[PDB]
2 protein chains.
Amino acid sequence: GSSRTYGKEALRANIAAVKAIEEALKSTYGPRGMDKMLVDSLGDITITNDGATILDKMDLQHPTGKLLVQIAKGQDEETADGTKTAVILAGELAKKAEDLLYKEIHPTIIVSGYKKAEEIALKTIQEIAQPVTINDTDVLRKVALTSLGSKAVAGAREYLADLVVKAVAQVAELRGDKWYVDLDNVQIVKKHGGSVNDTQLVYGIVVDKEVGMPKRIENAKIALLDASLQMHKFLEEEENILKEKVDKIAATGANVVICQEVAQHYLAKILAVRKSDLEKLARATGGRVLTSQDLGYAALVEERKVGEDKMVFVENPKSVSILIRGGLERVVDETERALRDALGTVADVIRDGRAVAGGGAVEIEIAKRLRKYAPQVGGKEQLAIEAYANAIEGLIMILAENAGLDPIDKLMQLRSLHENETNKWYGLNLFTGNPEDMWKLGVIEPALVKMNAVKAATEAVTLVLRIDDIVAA
Amino acid sequence: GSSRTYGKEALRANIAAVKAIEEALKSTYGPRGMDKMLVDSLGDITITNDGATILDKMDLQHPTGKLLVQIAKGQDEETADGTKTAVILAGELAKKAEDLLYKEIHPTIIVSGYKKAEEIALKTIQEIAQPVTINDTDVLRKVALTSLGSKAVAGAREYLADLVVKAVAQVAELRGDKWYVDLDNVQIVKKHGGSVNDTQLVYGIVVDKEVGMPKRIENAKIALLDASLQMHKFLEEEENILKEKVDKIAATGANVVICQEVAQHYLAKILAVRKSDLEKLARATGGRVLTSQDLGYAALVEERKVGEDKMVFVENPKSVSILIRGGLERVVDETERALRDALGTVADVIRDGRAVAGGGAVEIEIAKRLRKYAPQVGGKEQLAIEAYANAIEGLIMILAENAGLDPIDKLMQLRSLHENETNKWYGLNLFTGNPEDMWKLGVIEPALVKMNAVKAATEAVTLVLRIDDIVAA
Ligand SMILES: Nc1ncnc2c1ncn2[C@@H]1O[C@H](COP(=O)(O)OP(=O)(O)O)[C@@H](O)[C@H]1O
Ligand SMILES: Nc1ncnc2c1ncn2[C@@H]1O[C@H](COP(=O)(O)OP(=O)(O)O)[C@@H](O)[C@H]1O
């Protein structure tokens with residue numbers, strides 16, 4: 001038994017499927033605008049704005065929908081970013097294409113035009129950006145704040161934004177004549193019962209553990225250990241293995257002993273501390289997880305009180321800890337989704353070296369280049385590029401509607417202001433509800449995120465229009 | 001198989017759910033007004049006014065309702081207080097918002113206005129309060145009586161209210177330049193066959209247990225014990241362990257031995273008495289739960305007759321026992337729900353240092369600030385703040401209806417009296433049925449309870465209006 005889907009109706013089925021998952025996500029384009037909740041047959045409950053977190057658990061009848069979703073999920077695994085933009089832009093590209101099919105243009109022509117215009121967009125993004133460097137700290141703070149916002153505590157966390165910017169500046173280097181970073185150089189530590197005021201940067205490694213042993217050690221080495229630190233003859237051999245640590249490793253100054261009972265008395269009579277931490281310490285200290293070799297080095301080691309409880313510190317400088325003591329485990333959980341995402345957002349700026357506005361105004365400027373390229377092509381392909389420009393202009397029309405404005409009137413006012421070239425960066429403000437300068441408002445995005453969004457959208461819609469027939473076996 | 005809820009109809013479903021649990025609790029806003037009964041499929045029966053005790057056992061089809069209930073239950077776990085006010089205020093905020101949706105204001109705008117006004121309310125509460133201190137004993141007695149009332153025995157328990165106020169005054173200290181208390185410094189003891197006249201305060205620890213041993217001991221130490229107090233050689237070792245208590249612990253004066261058979265004769269030939277009590281004794285005496293160490297100290301120890309039967313007493317001064325000998329176990333059970341709740345109510349006053357009226361008049365005064373802030377904002381947001389003020393004015397309209405008055409007429413009369421600024425504290429009296437001075441009537445509430453009520457309500461209704469879509473998997 002085998003099942004088949006055919007002809008114009010196969011396009012109407014697959015276009016309907018992508019319009020359906022668009023409709024299921026259209027309202028949630030952020031940052032202000034309503035959110036969605038998902039519940040288990042076990043009776044469990046979740047509330048989220050985040051499309052990537054939604055598409056982790058959506059329900060998917062048509063295979064082409066599942067495949068488009070897979071492409072979006074891959075885009076998020078590369079970036080964590082743009083994930084809602086890609087699906088929405090794909091959805092509107094697909095719908096506006098349906099308006100051509102009544103004029104009976106053969107689908108391969110549309111797939112030509114929708115591919116060709118994407119060259120002009122991709123070129124135009126690389127034209128209009130401005131440069132940025134590690135030194136440009138207030139612009140980096142604007143970038144961090146734009147990634148951090150849509151939770152009111154982002155105003156209080158404005159000093160926490162400066163902490164991660166300086167942590168990046170210490171993590172950052174040059175490679176390929178470009179500023180160079182990755183996230184995994186930054187350590188984070190996390191305890192409850194604190195506040196935003198507890199938060200710190202360390203320029204070193206933090207050991208979030210509580211221990212006769214000394215509070216302070218200086219100019220010393222470090223021992224890293226996997227797991228913990230003839231009957232009578234073999235009994236004493238495992239006593240000797242303690243002093244065999246002293247005999248060479250203490251004689252060279254390894255004043256702290258870090259483990260994943262006789263030593264607890266003996267070393268107190270030297271500090272002992274109870275895999276990722278041992279890797280971070282191996283990166284910072286040069287140590288490795290007996291042998292007389294494998295030793296790490298540091299100038300300072302301490303245990304100190306940090307809010308409600310004690311913590312241990314080791315103080316290579318190219319890795320940096322930041323310290324969080326939040327009020328609750330709820331705050332730690334959301335501090336990943338805020339802070340590690342913000343750090344990654346900044347790193348993608350650092351590795352781009354260039355930046356663009358975000359007020360939808362990048363998109364409107366692309367629309368103005370497109371309507372000047374299309375008359376040069378002039379074939380039937382022209383109706384496809386004019387459609388593409390109108391469909392991407394169809395994005396901010398949605399974004400304004402989530403700010404409750406009447407969209408058409410604000411769209412025409414915006415385009416009228418943009419027509420005179422009055423600004424490079426006029427766009428649509430979601431709080432004042434007005435056409436405003438989006439750059440002085442401080443709303444910034446990396447150009448890479450636009451490129452990967454527009455790319456993933458065009459890839460998805462070609463994989464819809466290019467399919468004639470489905471068979472199942 | 002997956003289930004989905006959508007569009008305007010998802011709001012009408014979720015608004016209907018919160019209107020339903022409001023309707024299921026609307027009539028029970030206290031203190032005079034009808035109550036509700038809950039019965040098991042096992043045939044068991046309960047009668048209560050207390051919403052927190054009701055929401056311990058309600059039936060909950062919609063998840064958003066369950067989640068709003070969870071927020072109310074959390075509010076009660078923090079406070080035990082305000083629990084009905086939060087739900088009712090949320091319910092009316094939700095209903096009055098429905099009257100805007102026919103004018104097609106986008107829900108995000110309403111959520112803006114309902115958030116913005118809450119700043120003006122929160123500021124206004126902190127403006128109008130009056131200060132209070134430990135010294136202000138008759139005002140503290142009014143506070144206690146207002147927490148104690150709606151059981152007629154509160155008139156007889158007016159001296160019992162003075163006992164817990166003085167127990168607090170002995171428990172209380174300064175911390176952070178503020179008067180400081182917590183409940184867990186007060187011991188309570190509980191026997192049957194007595195009366196309100198049996199009740200006492202002790203400035204010490206009471207041991208509610210009946211024992212050749214002496215009736216009185218003075219200037220002595222205390223032994224606290226976990227659980228009770230080579231065959232022949234090890235037999236006698238457990239005889240020696242009795243005199244080993246004498247050999248150091250009696251030689252230093254530990255005349256009472258407190259346990260969670262040879263000693264019953266031997267010590268009579270010293271007092272022996274048969275986890276929370278041992279912790280309370282550890283707090284008062286400095287003792288700890290053989291060793292020669294761990295000893296407690298007190299100036300006086302006694303066993304004495306207390307109504308129907310004997311009781312033992314130990315007499316650090318910063319913990320205080322109060323003594324209850326009620327007529328029945330029914331009285332002890334309700335004496336938690338009265339007395340420990342009243343003590344907590346007072347402590348929340350002590351730690352606020354400030355106080356507000358309760359006659360609904362705090363709420364009406366907020367309504368008068370709001371209608372003067374709203375014309376400055378002036379956008380579409382104005383229709384949301386004017387609605388919020390009208391909806392919170394909608395609270396006392398219910399409270400008067402539980403006193404059987406015709407509500408509209410009393411509301412207009414009240415607002416007319418409040419308009420002229422005739423009083424800071426005119427409100428609505430539930431017994432005389434008249435507009436009266438609520439402060440001279442002695443009806444007092446802590447400002448914290450209002451803050452946490454208005455806060456939890458606004459949090460709940462935003463979590464309703466902010467949801468567009470539900471999916472179940
Ligand atoms: N506060 C803001 N003001 C204006 N535009 C914004 C704001 N926040 C985000 N945007 C725009 O919204 C789009 C990003 O959508 P968003 O849901 O934030 O994506 P993501 O969830 O991946 O961050 C871009 O056009 C971005 O510039
Ligand atoms: N005897 C009273 N006279 C006037 N208002 C009262 C009286 N008792 C309570 N109130 C008011 O009722 C509201 C408290 O509702 P209530 O059911 O008592 O809450 P709770 O059950 O948490 O004590 C507040 O407005 C409070 O001031």
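The values are calculated or read from the model by the stated rules, or taken from the named source; these are not laboratory values. Here the Cβ positions follow ideal geometry from the backbone for every residue, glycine too, while neighbour counts run over all protein chains shown.
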* Members of region B:419-472 that are more than 14 Å from chain A (Cβ to nearest Cβ), among the small types (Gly, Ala, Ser) and in a helix (DSSP H, G or I) -> B:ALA447, B:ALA453, B:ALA456, B:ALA457
* Asked: Considering only residues of region A:22-52 that are among the basic types (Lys, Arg) and more than 23 Å from B:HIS62 (Cβ to Cβ), which is farthest from the other protein chains (Cβ to nearest Cβ)?
  -> A:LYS26
* To do: From the list A:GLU78, A:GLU119, A:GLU127, pick out the single residue that is farther than 22 Å from A:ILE396 by Cα, more than 13 Å from chain B (Cβ to nearest Cβ) and surrounded by fewer than 13 Cβ atoms within 10 Å (Cβ to Cβ).
  => A:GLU78
* **Search result, residues across region A:286-310 that are more than 30 Å from A:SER147 (Cα to Cα) and aliphatic (A, V, I, L, M)** => A:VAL289, A:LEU290, A:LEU295, A:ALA298, A:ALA299, A:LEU300, A:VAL301
* To do: Kindly indicate the residue of region A:348-362 that is under 17 Å from A:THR79 (Cα atoms) and part of a helix (DSSP H, G or I) and also farthest from ligand 1 (Cβ to nearest atom) among those meeting that condition.
  => A:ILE350
* Asked: Within the group B:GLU436, B:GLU401, B:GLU421, B:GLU393, which residue is closer than 25 Å to B:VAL139 by Cα, under 28 Å from the mean Cα position of the chain (by Cα) and either away from ligand 1 (no atom under 16 Å from the Cβ) or surrounded by fewer than 21 Cβ atoms within 10 Å (Cβ to Cβ) (or both)?
  -> B:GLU436
* Structure fact -> Reported set for region A:439-470 where residues are under 24 Å from the mean Cα position of the chain (by Cα) and β-branched (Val, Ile, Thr) is A:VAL443, A:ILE444, A:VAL449, A:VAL454, A:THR458
* Asked: Among the residues of region B:384-396, is any within 14 Å of chain A (Cβ to nearest Cβ) and either more than 16 Å from ligand 2 (Cβ to nearest atom) or more than 27 Å from B:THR79 (Cβ to Cβ) (or both)?
  -> yes
* **Index of the failed condition, B:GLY379 passing every other in (1) within 30 Å of the chain's Cα centre (by Cα); (2) in a loop (DSSP other than H, G, I, E, B); (3) within 14 Å of chain A (Cβ to nearest Cβ)** => (1)
* B:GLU365: in the same structural domain as B:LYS73 (by CATH), out of contact with any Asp or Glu (no Cβ under 9 Å at 6 or more places or on another chain) and either within 29 Å of B:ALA97 (Cβ to Cβ) or away from ligand 1 (no atom under 16 Å from the Cβ) (or both), yes or no? -> yes
* All positions within region B:16-52 that are on the phi > 0 side of the Ramachandran plot and either within 25 Å of the chain's Cα centre (by Cα) or within 16 Å of ligand 2 (Cβ to nearest atom) (or both) -> B:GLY33
* Only listed residue being in contact with a helix residue (DSSP H, G or I) (Cβ under 7 Å, 6 or more places away or on another chain) and either surrounded by 15 or more Cβ atoms within 10 Å (Cβ to Cβ) or not assigned by CATH to the domain that holds A:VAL346 (or both), chosen from A:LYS66, A:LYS73, A:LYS8, A:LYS57 -> A:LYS73
* Hey, among A:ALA298, A:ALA254, which residue is in a loop (DSSP other than H, G, I, E, B) and either surrounded by 19 or more Cβ atoms within 10 Å (Cβ to Cβ) or not basic (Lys, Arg) (or both)? -> A:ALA254
* **Verdict on B:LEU55 being within 16 Å of ligand 2 (Cβ to nearest atom) and away from chain A (no Cβ under 14 Å)** => yes
* Name the strands (runs of 3 or more DSSP E) wholly inside region A:136-225 in which the number of residues that are under 17 Å from the mean Cα position of the chain (by Cα) is 3 or more. => A:186-191
* Asked: When you go through A:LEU395, A:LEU383 one by one, which is the residue that is under 20 Å from A:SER27 (Cα atoms), assigned by CATH to the domain that holds A:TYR114 and of a type in the set (A, V, I, L, M)?
  -> A:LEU395
